[PDB]
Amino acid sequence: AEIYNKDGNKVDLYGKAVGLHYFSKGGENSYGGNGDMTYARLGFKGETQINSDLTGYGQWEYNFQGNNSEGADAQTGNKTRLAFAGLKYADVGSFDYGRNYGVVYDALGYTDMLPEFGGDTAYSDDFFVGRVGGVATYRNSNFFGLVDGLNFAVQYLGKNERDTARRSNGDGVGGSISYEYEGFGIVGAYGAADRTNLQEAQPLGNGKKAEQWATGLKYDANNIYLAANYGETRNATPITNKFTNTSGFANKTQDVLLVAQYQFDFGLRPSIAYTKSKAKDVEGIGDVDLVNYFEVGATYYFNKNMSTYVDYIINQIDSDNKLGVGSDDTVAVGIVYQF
């Protein structure tokens, strides 16, 4: 909500409280888990006019987990989601630096619209597919204000040598090109980065370069949302063999995302989706499905602040998965207040 708006500077303090619970078998062997998954969000989105052409901004976002105790495990899953500050200059472009979404997410944000789950390939702290720290993102709107709908972006991923190879990355350059014409929209994104010494030492994944590319096709008009995403990654997708306890990456992945959603005028929004992600050239196995399911769910909007949703996952992953990926179904029930 906009709490301050004086002398060219506007401040929007936002947040949400989500009463969430998962229903599964037993739910260590399921898709999403079992039990309470209550969480809360908090952050600010500010914007200031320096002049008639130039505008400065800065956004922060935090995730608070409310499914923890007040004891020792009080900080489980508590982290900063977004943290960046930038400048946009008329019909030239916008530049920002800090913790922000990757350029491949510009294509993956097409199918990431499900009530609770979905967007399985949009991994956090994973080069260019999700939220990554130390990225210099340049974004352009309408090709310098000349060609309508034609947007392009470029990103510079800084070297992030961390404790775990799961969250580590080297120096990388990514980009995306998008065109939109009356409801329809097409995106073409690609990113390539170096792999750290800790990532190379892992028994899973082999290569000196990590590549990620994705294409998007959506129709967003007349209360209809039909979306499609196809992507492939090289030494980038984080994998874990549960039988041998081994961490690393998949050498080759092939991802298919399909989402169909409709918005009724009285508030209800049904959702039907399909997700398939197959890992290839995996050392020890070969070919294994990481993510495979059908999605059936609905989100009911009371207004702009209150919403309730159900999300059911028809998991197509079988219990004969060589990695040991969860096979059981997961049902999500959530109640949301947001400001």
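Sequential numbering from 1, following the sequence displayed.
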* Structure fact -> Deposited residues missing from the model between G286 and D287 number none
* **Mean C-alpha temperature factor, higher of 240-248 and 170-178** => 240-248
* Of 288-296 and 60-68, the one with larger mean CA B-factor -> 288-296
* Structure fact -> Reading the B-factor column for Cα atoms of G26, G33, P270, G43, the highest value belongs to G26
* Structure fact -> Entry record, C-alpha B-factors for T80, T196, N229, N100; the maximum is at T196
* To do: Pull the Cα B-factor of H21 out of the PDB entry and bin it into the chain's lowest, middle or highest third.
  => lowest
* To do: Ordered by C-alpha B-factor within the chain, which third holds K218? Give me lowest, middle or highest, please.
  => middle
* To do: Just say lowest, middle or highest third for the CA B-factor of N206 relative to the other modelled residues in its chain.
  => highest
* To do: Report the third (lowest, middle or highest) to which the CA temperature factor of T330 belongs, ranking only the modelled residues of the same chain.
  => lowest
* Structure fact -> Sorting the chain's modelled residues by C-alpha B-factor and splitting them into thirds places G119 in the highest
